[PDB]
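Asker: Below you will find the structure I want to go over with you.
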Amino acid sequence: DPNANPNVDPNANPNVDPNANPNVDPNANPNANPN
Amino acid sequence: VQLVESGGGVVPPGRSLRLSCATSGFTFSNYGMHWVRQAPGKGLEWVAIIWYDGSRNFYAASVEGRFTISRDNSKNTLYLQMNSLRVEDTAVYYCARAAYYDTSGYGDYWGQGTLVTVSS
Amino acid sequence: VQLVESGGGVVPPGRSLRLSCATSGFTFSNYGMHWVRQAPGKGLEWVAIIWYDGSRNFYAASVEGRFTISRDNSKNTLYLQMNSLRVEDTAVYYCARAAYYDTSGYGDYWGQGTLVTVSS
Amino acid sequence: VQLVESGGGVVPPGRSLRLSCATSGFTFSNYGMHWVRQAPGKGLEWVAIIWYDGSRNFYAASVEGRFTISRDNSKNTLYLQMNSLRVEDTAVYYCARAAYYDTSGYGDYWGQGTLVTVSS
Amino acid sequence: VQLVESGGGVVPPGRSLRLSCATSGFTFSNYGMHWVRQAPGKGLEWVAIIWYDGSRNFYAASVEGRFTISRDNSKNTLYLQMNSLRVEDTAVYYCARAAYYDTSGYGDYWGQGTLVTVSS
Amino acid sequence: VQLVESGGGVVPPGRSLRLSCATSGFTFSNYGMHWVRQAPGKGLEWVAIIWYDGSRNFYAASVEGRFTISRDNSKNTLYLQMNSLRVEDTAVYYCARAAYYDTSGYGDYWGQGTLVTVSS
Amino acid sequence: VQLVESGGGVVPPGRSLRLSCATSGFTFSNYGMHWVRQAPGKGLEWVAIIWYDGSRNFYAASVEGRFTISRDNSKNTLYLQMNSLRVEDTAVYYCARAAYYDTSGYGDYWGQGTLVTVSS
Amino acid sequence: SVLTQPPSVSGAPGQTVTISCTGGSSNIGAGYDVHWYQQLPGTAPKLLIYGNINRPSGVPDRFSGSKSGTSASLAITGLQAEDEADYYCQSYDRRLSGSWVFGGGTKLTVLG
Amino acid sequence: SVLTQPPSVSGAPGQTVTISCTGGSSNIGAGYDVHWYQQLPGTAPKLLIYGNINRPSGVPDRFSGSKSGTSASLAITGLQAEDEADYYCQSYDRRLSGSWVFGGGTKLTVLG
Amino acid sequence: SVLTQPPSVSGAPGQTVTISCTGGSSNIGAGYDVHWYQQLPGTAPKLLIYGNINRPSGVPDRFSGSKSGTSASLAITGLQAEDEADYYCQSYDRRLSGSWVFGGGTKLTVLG
Amino acid sequence: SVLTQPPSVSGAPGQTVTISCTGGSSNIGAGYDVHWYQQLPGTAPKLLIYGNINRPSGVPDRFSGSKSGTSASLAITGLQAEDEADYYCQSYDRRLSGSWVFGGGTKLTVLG
Amino acid sequence: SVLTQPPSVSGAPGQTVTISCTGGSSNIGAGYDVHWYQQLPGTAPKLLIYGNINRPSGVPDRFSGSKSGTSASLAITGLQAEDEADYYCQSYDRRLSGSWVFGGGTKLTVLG
Amino acid sequence: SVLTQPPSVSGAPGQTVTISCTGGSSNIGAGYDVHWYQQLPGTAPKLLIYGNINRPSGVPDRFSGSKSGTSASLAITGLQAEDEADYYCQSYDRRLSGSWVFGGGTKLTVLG
Amino acid sequence: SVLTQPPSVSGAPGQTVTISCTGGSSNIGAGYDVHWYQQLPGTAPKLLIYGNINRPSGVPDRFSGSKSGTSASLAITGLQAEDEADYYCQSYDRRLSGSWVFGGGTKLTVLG
């Protein structure tokens, strides 16, 4: 969009989000981290 | 997946009461948990949620500030501590295992609940 | 939901003043907070917002760069740091808990306010 | 990298059987491990994963609550404890070394597997 | 800070060879160490790391299972034991002292290097 | 609590000098110790730390390998042995008692220091 | 298990006073001991600990350097030597037998206590 | 009561009955998946349908769901006497702070 | 002073009085929701109406609101002496950096 | 005093009362076990609860308790006249040099 | 079996054949990387392709693949008798509790 | 210098002055606690503030401070002639091998 | 080699020559800090740049660099005959098991 | 009764019967080695298993066992009539003053 309205917008809901998977996500590197 | 509840009974208004949901058959620490309640003769009302690691807690507006939800992962147990019980809090409380589908979540396994009555 | 303002007083111009609000009755870390103010004889003016985790900070253009908003979740406390106070900054400052409806938001709970006067 | 399974055999339903996978050629303690199974005529079914430090375990819904996964780093060995065997658990079980790419993971090295038959 | 490689030379493939670095000028026991190598005419390749207390070791994929890294804190000495040397292992081997910046690490002090040749 | 320092003076560059801090009023064997220095006209530079049981030592990069920190619990004394003194090492040296708060530490009690001058 | 305080009384400030507990009913040489005190009208304050073999001693910040804790296993007796008593040291002093649970400890057996008054 | 449900539905064994669940732009037409629960007179609610159309292996294919706009639905075919129960829909209302919202609940009476 | 409000409104006890709130394409006709707050003489503004028509359970159903185009309003029916207060509307102005904008406020006097 | 306790609690015989103990990230929420002591007016404190939930065989099951987050609590059921006593909590504070820290202490008055 | 594959494919030596997987918004169109495994009649699966296009050094440039939308694919060029095998997709379905999901599996027959 | 402090600050007796200490993501915004020391012209430094807000019992409530983001601050109220001193901040830089890092110090001059 | 460097760069003494290092989403665009090493014809690599912009006190202020997106670069100004050397970039690739990864190195030729 | 054991287990000759032993973080998951003893009705216990998996030369290979997490177990295969006996587990509880703790003990009944 050549004329998108730039910047960070106000007018959003600033109150965490009680609609998310509360379970452990079994999709992460299970290996030791060499860093 | 078995969910077992205990702790109901009757107390005068203003008193506190603690409920406990014991679990077995699954890894407790990998799941979040929910409490809902059903006043006699009424439908279902969501009460609270706790994340698998205790990092988040949410409460229904009607109980927020009076109820506390917590976990003891080492004993596979979910707790609900109700302070300042009111007459309106009379209900069968049930625990449930959190599940999530895509854009919204759901409970899959349910306990049998216990009855909490609030009356002099 | 109780919000308590503290920190008003009289400020020689050019000096700073730090305001804060203590909260109880809800989980502080789950909500965003707002500051608003009302100069004597004037209507309401929005001053600043801070997100539940500090990820965003927005300010009214009339105070941006002079005022800073911050939080300490472990103390259930909201802070407003006002530097280089001007006469025009005289107002009762209030805290409110952020809320949101659909296409726009609102505050639901309010405190009582505290007065900051900037004068020689 | 050599992965070797052991412990298959024929067990009546309701009884238990314990499998293990001996490893060599790599540092066992730096990697997570997986078990998968293949029913004798079907494709592959994921069964379980254990983290490199033993802190997390996840199970397929079809075996959760009946199977346990564990490791002994000092013996470079991965174990799978199967309780309450059902006829449906007949399969070749294989161990594999966990690997991870970007948004999802994979197994890179595989063992040969061992056969577990559950039957009267 | 001196890091001094020793133990290079030429061996038939299939033979073992042991390299080491003596260090001085810093507290050896407070830092992790790295080995890197450079085949003639080629760029640099990371080979292995050992943690300050010897608790963790990581190896390049091309050498894991053949090379062992170790250290003796009381002698201020870092060792690399190579088994089954292959022709492809011909390189100058270097010691480097581990350092870490923010999101990634680096070596700061380097030794002089020593040449290991594998040939029949 | 009282920390008393002695051992400064003036030496030619390249020379060694041993400083010490005698302590009283507290159990020396239960606390770690620090040395810091302040070149005339300059701010404070951390120099070294020794653990309560002597198991760990850390040094500022500017002095590691030249300075040694040590202690003798039976005489309640902290020592600093400086080798290869440079002109740049001219400073008032101070001992301090280690203290630790939460995510970082601090010194609480301080000696009065001694002056070390390194010059032709 | 009996712990019996002795040696209390009253002194002008600046003087010394020595307390002790005779013990019986348990193996004194296998347990660490604590002293605590309670000023009239006040709550409890921890004063000092001595390890079962005398290897470690720790003191409350407000008394370290003035008080000494010691023991003589051959007489089954615990001692507390107080020098430079201040008015502020007026309190009932008690012995307690060290016990330890998991992440923190506790006293299980307590004595009867004795009163030390410091006054001019 | 967030999601609107009729208080009662009925039909004879062998007939088809439906239970509706109507929301609005904040809860069903919002794109949030709708779930259904079944409660028998002396038990804890059972998951009947999840993900609008999917169901647990413990549910016979007599039950199915649907979603269109703000209207969600549960149909029961081959109605049996055994289906007498309270059926509830569930979604997430983006205007509320809670994880789940429930509908009023519909009691299904089988006309034996 | 983003949304326009009359400086004053009044009426006899029992009567209906209204407070308008007029904006433009940037803040009412903009699709944003209008909210109302009531301030008593020596305290903080309190939420009266939200979501154009909704209200906290602590509000008597004597108050209501509505909107159309760039217009919005608050009506009080059955006006009581205790309704004397400063009423403010609130919205979000698409052209401004702040989360909230307020109207100028209206002072309601009950002619008791 | 680093653990916070109310200075006083009370109730009639037959009542249930609780005594709180609140700390922070250095001494309760820190993973340190909380202990409780009972002091009667003319003697030394007696261990009442240890290990957050356990108790000496000399303590009747009228006294019990638990710990969560930064708040620990002693519950007394079947309050008797004999329960008048000072109750103290105890933990370890990682910011201090001492092995034990105590709360202020709470006096329990039984309203006979 | 959340990844659908044809049960069987075939062709003569020297020809080009393809094997493919079809997923959906939860597994392939979800941005999760697709992997492929090869199983010969009397052995364990061998990693053939990882990361949608990468492959172990033990795999000849005969095999290649892709990812587009919810589709994934394995192409085999220069088909040999030795390619008779079972090929499988693997990915991660965000709606399930398991780390890996597999497709049904496709058998490739070479018409020697 | 690791932490940035202004080289000088001043004011008349009775005034309030502040001394800043600015770090970054590795030292203050990193969650490390900030400490302050006071050095009088002919002696060793004295701990003034520890733990960002706490202070030794030997320090009057004239000195206080705070930490926010990467900026720490020492506030001195009721400035006296006797406060002329060098004030230093201290923290821990996770990028360096040393236990402590210091700012360059600020000299406070009281304009008698 | 997961980082790409040109094999050779050059320029006349006095000119500015830059050496690029291009990675991808797993290493540079992933936020891992980029480091540079200099190797002279018969010795070990020497740390030249660390932390993307910082350098050891033994490095002339002729060398500097930057990081942006997946790109990184070393700029050498005031090119001297003594700068003939091999320069290497180093980072960390989250897809690999090793702590460090290197580019192939760039040889800088000074056209004396 | 520190370690938990079933009071009774059984099986017919030739069958496999196992005896569990469960502790906690104080005595099995604590890293303490688990030992087993066999007691016949008219004598003293005999060491059966030591070091979790090892056994005396006086024990036939019919008895074996292992330890994992907080669980431990004795397996008897090829059950004989002679195996009717009491089996006990033993460990060390870090919270207690005694060197050894025992489980309740399990009686093995052979269904002859």
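The chains in the structure tokens are called A, B, ... from first to last as shown; in each chain the residues are counted from 1, and the ligands are counted from 1 in the order shown.
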After a least-squares fit of chain G on chain F across every C-alpha pair in order, what's the RMSD, to one decimal?
Answerer: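 With all C-alpha atoms paired in order, the RMSD is 0.2 Å.
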Asker: Please return the superposed copy of chain K as a short mmCIF file (atom, residue, chain, number, x, y, z; two decimals) with N, CA and C atoms, in the first residue's frame; the fit should be least squares onto chain H across all sequentially paired Cα atoms.
Answerer:
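To be explicit, this is the file written out as part_20.cif:
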```
data_model
loop_
_atom_site.label_atom_id
_atom_site.label_comp_id
_atom_site.auth_asym_id
_atom_site.auth_seq_id
_atom_site.Cartn_x
_atom_site.Cartn_y
_atom_site.Cartn_z
N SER K 1 -24.83 -15.08 29.38
CA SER K 1 -25.85 -15.39 28.40
C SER K 1 -25.78 -14.44 27.23
N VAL K 2 -24.72 -14.55 26.45
CA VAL K 2 -24.59 -13.69 25.28
C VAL K 2 -24.96 -14.45 24.02
N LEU K 3 -25.19 -15.74 24.17
CA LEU K 3 -25.58 -16.60 23.08
C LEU K 3 -27.01 -17.03 23.37
N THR K 4 -27.93 -16.63 22.51
CA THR K 4 -29.33 -16.92 22.75
C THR K 4 -29.72 -18.26 22.21
N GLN K 5 -30.41 -19.06 23.02
CA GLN K 5 -30.89 -20.36 22.60
C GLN K 5 -32.36 -20.45 22.95
N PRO K 6 -33.20 -21.21 22.22
CA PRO K 6 -34.55 -21.51 22.60
C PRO K 6 -34.48 -22.21 23.94
N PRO K 7 -35.39 -22.00 24.87
CA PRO K 7 -35.36 -22.67 26.16
C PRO K 7 -35.73 -24.14 26.08
N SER K 8 -36.44 -24.54 25.03
CA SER K 8 -36.88 -25.91 24.93
C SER K 8 -37.28 -26.32 23.53
N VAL K 9 -36.95 -27.55 23.19
CA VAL K 9 -37.27 -28.15 21.91
C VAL K 9 -37.82 -29.55 22.15
N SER K 10 -38.54 -30.11 21.19
CA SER K 10 -39.01 -31.47 21.38
C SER K 10 -39.36 -32.18 20.11
N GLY K 11 -39.53 -33.49 20.23
CA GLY K 11 -40.00 -34.30 19.12
C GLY K 11 -40.08 -35.77 19.49
N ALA K 12 -40.74 -36.54 18.65
CA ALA K 12 -40.91 -37.96 18.89
C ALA K 12 -39.67 -38.73 18.48
N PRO K 13 -39.41 -39.90 19.05
CA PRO K 13 -38.31 -40.73 18.66
C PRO K 13 -38.37 -40.99 17.17
N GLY K 14 -37.21 -40.97 16.54
CA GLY K 14 -37.05 -41.21 15.12
C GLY K 14 -37.05 -39.93 14.31
N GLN K 15 -37.50 -38.84 14.91
CA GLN K 15 -37.59 -37.56 14.24
C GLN K 15 -36.29 -36.78 14.29
N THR K 16 -36.23 -35.72 13.48
CA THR K 16 -35.08 -34.83 13.48
C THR K 16 -35.45 -33.53 14.14
N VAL K 17 -34.61 -33.10 15.07
CA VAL K 17 -34.84 -31.87 15.80
C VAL K 17 -33.59 -31.02 15.77
N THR K 18 -33.73 -29.71 15.93
CA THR K 18 -32.55 -28.87 15.99
C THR K 18 -32.56 -27.94 17.19
N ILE K 19 -31.36 -27.60 17.61
CA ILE K 19 -31.06 -26.67 18.68
C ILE K 19 -30.15 -25.61 18.11
N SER K 20 -30.39 -24.35 18.39
CA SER K 20 -29.49 -23.37 17.80
C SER K 20 -29.14 -22.22 18.69
N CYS K 21 -28.05 -21.56 18.32
CA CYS K 21 -27.56 -20.40 19.02
C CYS K 21 -27.47 -19.19 18.11
N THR K 22 -27.85 -18.05 18.65
CA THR K 22 -27.69 -16.82 17.91
C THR K 22 -26.80 -15.88 18.68
N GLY K 23 -25.76 -15.42 18.03
CA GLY K 23 -24.81 -14.51 18.63
C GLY K 23 -24.85 -13.20 17.90
N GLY K 24 -23.68 -12.62 17.74
CA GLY K 24 -23.53 -11.34 17.09
C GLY K 24 -22.09 -11.14 16.64
N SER K 25 -21.76 -9.92 16.25
CA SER K 25 -20.44 -9.59 15.72
C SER K 25 -19.28 -9.75 16.67
N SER K 26 -19.54 -9.79 17.97
CA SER K 26 -18.48 -9.94 18.96
C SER K 26 -18.16 -11.38 19.33
N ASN K 27 -19.05 -12.32 19.01
CA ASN K 27 -18.86 -13.69 19.47
C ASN K 27 -18.92 -14.80 18.41
N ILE K 28 -19.86 -14.75 17.47
CA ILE K 28 -19.94 -15.81 16.48
C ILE K 28 -19.50 -15.27 15.14
N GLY K 29 -20.00 -14.08 14.79
CA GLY K 29 -19.69 -13.44 13.51
C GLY K 29 -18.29 -12.85 13.56
N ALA K 30 -17.69 -12.95 14.74
CA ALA K 30 -16.35 -12.50 15.05
C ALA K 30 -15.32 -13.51 14.60
N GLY K 31 -15.76 -14.67 14.11
CA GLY K 31 -14.83 -15.72 13.69
C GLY K 31 -14.41 -16.66 14.82
N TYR K 32 -15.01 -16.54 15.98
CA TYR K 32 -14.61 -17.43 17.04
C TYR K 32 -15.35 -18.75 16.90
N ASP K 33 -14.62 -19.84 17.02
CA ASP K 33 -15.20 -21.18 16.91
C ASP K 33 -16.22 -21.47 17.99
N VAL K 34 -17.29 -22.17 17.58
CA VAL K 34 -18.40 -22.57 18.44
C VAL K 34 -18.31 -24.03 18.85
N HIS K 35 -18.55 -24.26 20.14
CA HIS K 35 -18.50 -25.58 20.74
C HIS K 35 -19.82 -25.93 21.40
N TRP K 36 -20.13 -27.23 21.50
CA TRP K 36 -21.35 -27.65 22.17
C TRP K 36 -21.12 -28.66 23.27
N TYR K 37 -21.86 -28.50 24.35
CA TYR K 37 -21.79 -29.41 25.48
C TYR K 37 -23.12 -30.03 25.80
N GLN K 38 -23.08 -31.26 26.27
CA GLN K 38 -24.28 -31.97 26.68
C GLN K 38 -24.30 -32.35 28.14
N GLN K 39 -25.36 -32.02 28.83
CA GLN K 39 -25.47 -32.37 30.23
C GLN K 39 -26.66 -33.27 30.47
N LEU K 40 -26.43 -34.37 31.16
CA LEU K 40 -27.51 -35.28 31.48
C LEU K 40 -27.92 -34.89 32.89
N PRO K 41 -29.15 -35.19 33.34
CA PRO K 41 -29.75 -34.76 34.60
C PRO K 41 -28.92 -34.88 35.87
N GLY K 42 -28.03 -35.86 35.99
CA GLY K 42 -27.27 -35.96 37.23
C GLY K 42 -25.77 -36.05 37.01
N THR K 43 -25.25 -35.33 36.03
CA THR K 43 -23.82 -35.37 35.80
C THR K 43 -23.23 -34.05 35.31
N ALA K 44 -21.94 -34.09 34.98
CA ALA K 44 -21.20 -32.95 34.48
C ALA K 44 -21.39 -32.84 32.98
N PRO K 45 -21.26 -31.67 32.38
CA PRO K 45 -21.30 -31.49 30.96
C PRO K 45 -20.26 -32.35 30.25
N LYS K 46 -20.62 -32.85 29.09
CA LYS K 46 -19.74 -33.66 28.26
C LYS K 46 -19.54 -32.95 26.94
N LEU K 47 -18.32 -32.90 26.45
CA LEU K 47 -18.13 -32.27 25.16
C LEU K 47 -18.83 -33.08 24.10
N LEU K 48 -19.67 -32.44 23.31
CA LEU K 48 -20.39 -33.13 22.27
C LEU K 48 -19.75 -32.81 20.92
N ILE K 49 -19.63 -31.53 20.62
CA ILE K 49 -19.08 -31.03 19.36
C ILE K 49 -18.05 -29.96 19.59
N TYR K 50 -16.96 -30.01 18.85
CA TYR K 50 -15.98 -28.96 18.97
C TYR K 50 -15.53 -28.50 17.62
N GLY K 51 -15.08 -27.27 17.54
CA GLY K 51 -14.59 -26.84 16.26
C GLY K 51 -15.70 -26.72 15.23
N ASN K 52 -16.91 -26.44 15.66
CA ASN K 52 -18.12 -26.30 14.85
C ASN K 52 -18.67 -27.60 14.23
N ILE K 53 -17.79 -28.51 13.80
CA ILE K 53 -18.21 -29.74 13.15
C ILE K 53 -17.58 -31.04 13.65
N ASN K 54 -16.55 -30.96 14.48
CA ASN K 54 -15.81 -32.13 14.89
C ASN K 54 -16.40 -32.71 16.14
N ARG K 55 -16.13 -33.96 16.43
CA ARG K 55 -16.69 -34.48 17.67
C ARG K 55 -15.80 -35.54 18.26
N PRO K 56 -15.82 -35.77 19.57
CA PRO K 56 -15.09 -36.81 20.23
C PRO K 56 -15.54 -38.13 19.69
N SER K 57 -14.64 -39.10 19.68
CA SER K 57 -14.94 -40.47 19.24
C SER K 57 -16.05 -41.15 20.04
N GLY K 58 -16.42 -40.58 21.17
CA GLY K 58 -17.48 -41.10 22.02
C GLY K 58 -18.86 -40.60 21.62
N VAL K 59 -18.95 -39.85 20.53
CA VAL K 59 -20.21 -39.30 20.09
C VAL K 59 -20.59 -39.95 18.76
N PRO K 60 -21.76 -40.59 18.66
CA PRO K 60 -22.24 -41.30 17.50
C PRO K 60 -22.60 -40.35 16.40
N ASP K 61 -22.59 -40.83 15.15
CA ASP K 61 -22.97 -39.92 14.08
C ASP K 61 -24.47 -39.84 14.00
N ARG K 62 -24.96 -39.03 14.89
CA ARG K 62 -26.33 -38.71 15.12
C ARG K 62 -26.33 -37.23 15.30
N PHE K 63 -25.16 -36.75 15.72
CA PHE K 63 -25.01 -35.36 16.05
C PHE K 63 -24.09 -34.72 15.05
N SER K 64 -24.43 -33.51 14.65
CA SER K 64 -23.62 -32.74 13.73
C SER K 64 -23.93 -31.29 13.92
N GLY K 65 -23.14 -30.40 13.33
CA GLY K 65 -23.47 -29.00 13.49
C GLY K 65 -22.90 -28.11 12.40
N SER K 66 -23.06 -26.82 12.60
CA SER K 66 -22.62 -25.83 11.63
C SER K 66 -22.43 -24.45 12.22
N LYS K 67 -21.83 -23.59 11.41
CA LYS K 67 -21.61 -22.19 11.73
C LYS K 67 -21.80 -21.35 10.48
N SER K 68 -22.62 -20.31 10.58
CA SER K 68 -22.86 -19.42 9.45
C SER K 68 -23.19 -18.01 9.90
N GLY K 69 -22.36 -17.04 9.54
CA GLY K 69 -22.62 -15.69 10.02
C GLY K 69 -22.54 -15.69 11.54
N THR K 70 -23.60 -15.25 12.20
CA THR K 70 -23.67 -15.18 13.65
C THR K 70 -24.47 -16.33 14.23
N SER K 71 -24.90 -17.23 13.36
CA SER K 71 -25.69 -18.38 13.75
C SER K 71 -24.87 -19.65 13.92
N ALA K 72 -25.29 -20.49 14.83
CA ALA K 72 -24.66 -21.78 15.00
C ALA K 72 -25.72 -22.82 15.26
N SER K 73 -25.45 -24.07 14.94
CA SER K 73 -26.49 -25.06 15.10
C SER K 73 -26.06 -26.47 15.38
N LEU K 74 -26.90 -27.15 16.14
CA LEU K 74 -26.78 -28.55 16.49
C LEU K 74 -27.97 -29.32 15.97
N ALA K 75 -27.70 -30.31 15.15
CA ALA K 75 -28.78 -31.10 14.61
C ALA K 75 -28.69 -32.50 15.17
N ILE K 76 -29.84 -33.06 15.50
CA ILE K 76 -29.89 -34.42 16.00
C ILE K 76 -30.80 -35.25 15.13
N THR K 77 -30.25 -36.30 14.55
CA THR K 77 -31.07 -37.11 13.67
C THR K 77 -31.32 -38.46 14.30
N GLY K 78 -32.48 -39.04 14.03
CA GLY K 78 -32.74 -40.34 14.60
C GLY K 78 -32.90 -40.18 16.11
N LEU K 79 -33.68 -39.19 16.54
CA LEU K 79 -33.86 -38.88 17.95
C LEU K 79 -34.25 -40.09 18.78
N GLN K 80 -33.52 -40.30 19.88
CA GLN K 80 -33.75 -41.41 20.79
C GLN K 80 -34.21 -40.94 22.15
N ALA K 81 -34.79 -41.84 22.94
CA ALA K 81 -35.21 -41.48 24.30
C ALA K 81 -34.04 -40.97 25.13
N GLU K 82 -32.88 -41.54 24.87
CA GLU K 82 -31.64 -41.24 25.55
C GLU K 82 -31.07 -39.86 25.24
N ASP K 83 -31.69 -39.12 24.32
CA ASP K 83 -31.21 -37.79 24.02
C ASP K 83 -31.82 -36.74 24.91
N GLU K 84 -32.72 -37.13 25.83
CA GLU K 84 -33.22 -36.09 26.70
C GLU K 84 -32.03 -35.52 27.43
N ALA K 85 -31.82 -34.23 27.28
CA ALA K 85 -30.64 -33.59 27.86
C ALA K 85 -30.68 -32.09 27.71
N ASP K 86 -29.77 -31.42 28.41
CA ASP K 86 -29.55 -29.99 28.25
C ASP K 86 -28.37 -29.75 27.32
N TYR K 87 -28.56 -28.93 26.29
CA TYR K 87 -27.47 -28.67 25.37
C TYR K 87 -27.06 -27.19 25.41
N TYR K 88 -25.76 -26.94 25.36
CA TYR K 88 -25.27 -25.56 25.44
C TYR K 88 -24.27 -25.16 24.39
N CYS K 89 -24.33 -23.91 23.95
CA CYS K 89 -23.24 -23.38 23.13
C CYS K 89 -22.18 -22.77 23.99
N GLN K 90 -20.97 -22.74 23.46
CA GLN K 90 -19.85 -22.06 24.06
C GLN K 90 -18.99 -21.40 23.02
N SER K 91 -18.58 -20.18 23.31
CA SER K 91 -17.72 -19.42 22.42
C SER K 91 -16.93 -18.40 23.19
N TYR K 92 -16.37 -17.42 22.50
CA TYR K 92 -15.61 -16.37 23.13
C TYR K 92 -16.07 -15.01 22.68
N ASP K 93 -16.45 -14.20 23.64
CA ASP K 93 -16.95 -12.86 23.40
C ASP K 93 -15.84 -11.87 23.62
N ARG K 94 -15.40 -11.22 22.56
CA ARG K 94 -14.23 -10.36 22.66
C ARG K 94 -14.46 -9.10 23.50
N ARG K 95 -15.70 -8.85 23.91
CA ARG K 95 -16.00 -7.68 24.72
C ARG K 95 -15.92 -7.95 26.21
N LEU K 96 -15.68 -9.19 26.58
CA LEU K 96 -15.66 -9.57 27.98
C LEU K 96 -14.28 -10.03 28.42
N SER K 97 -14.02 -9.99 29.71
CA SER K 97 -12.75 -10.43 30.27
C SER K 97 -12.58 -11.95 30.40
N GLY K 98 -13.66 -12.71 30.26
CA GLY K 98 -13.55 -14.14 30.45
C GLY K 98 -13.25 -14.90 29.18
N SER K 99 -12.52 -15.99 29.33
CA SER K 99 -12.18 -16.86 28.23
C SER K 99 -13.37 -17.53 27.56
N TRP K 100 -14.38 -17.93 28.33
CA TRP K 100 -15.53 -18.60 27.74
C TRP K 100 -16.82 -17.89 28.05
N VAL K 101 -17.77 -18.01 27.13
CA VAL K 101 -19.13 -17.57 27.38
C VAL K 101 -20.01 -18.72 27.03
N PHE K 102 -21.17 -18.80 27.65
CA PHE K 102 -22.10 -19.87 27.36
C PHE K 102 -23.45 -19.35 26.97
N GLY K 103 -24.21 -20.15 26.26
CA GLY K 103 -25.56 -19.76 25.96
C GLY K 103 -26.47 -20.11 27.10
N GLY K 104 -27.73 -19.73 26.97
CA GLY K 104 -28.71 -19.99 28.02
C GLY K 104 -28.92 -21.47 28.35
N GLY K 105 -28.86 -22.32 27.34
CA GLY K 105 -29.07 -23.75 27.50
C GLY K 105 -30.47 -24.15 27.04
N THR K 106 -30.55 -25.21 26.25
CA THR K 106 -31.82 -25.69 25.73
C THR K 106 -32.12 -27.07 26.20
N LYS K 107 -33.32 -27.28 26.73
CA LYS K 107 -33.67 -28.64 27.13
C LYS K 107 -34.41 -29.34 26.01
N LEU K 108 -33.93 -30.51 25.65
CA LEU K 108 -34.56 -31.36 24.65
C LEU K 108 -35.38 -32.44 25.27
N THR K 109 -36.66 -32.45 24.94
CA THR K 109 -37.61 -33.43 25.44
C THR K 109 -37.99 -34.39 24.33
N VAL K 110 -37.86 -35.68 24.61
CA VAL K 110 -38.19 -36.68 23.63
C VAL K 110 -39.53 -37.26 23.99
N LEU K 111 -40.46 -37.18 23.06
CA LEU K 111 -41.84 -37.54 23.30
C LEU K 111 -42.07 -39.03 23.16
N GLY K 112 -41.49 -39.77 24.08
CA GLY K 112 -41.57 -41.22 24.08
C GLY K 112 -43.00 -41.68 24.34
#
```
Asker: Excluding segment 2-11 of chain B and its own-chain neighbours fewer than 3 positions away, which residues fall within 12 Å of it when counting only C-alpha atoms? Please give them as a ChimeraX atom specification.
Answerer: /B:14-28,33-35,76-87,89-97,108-120 /D:65 /H:44 /J:15-16
Asker: Quick one: which residues from chain D are at most 10 Å off chain B, using only C-alpha atoms, as a PyMOL selection string?
Answerer: chain D and resi 56-59+61+64-66
Asker: Which parts of chain E does DSSP call strand (DSSP E) when run on the backbone here, written out as a ChimeraX atom specification?
Answerer: /E:2-6,9-11,17-24,33-38,45-50,57-59,67-72,77-82,91-100,105-110,114-118
Asker: Work out how far apart atom CA of residue 103 of chain B and atom CA of residue 20 of chain A are and give it in Å to one decimal.
Answerer: 8.3 Å
Asker: For each of D:52, D:100, D:46, D:67, take the minimum atom-to-atom distance to residue 27 of chain A, counting only C-alpha atoms, then give the residue where this is smallest.
Answerer: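 Smallest separation from residue 27 of chain A among the options: D:100.
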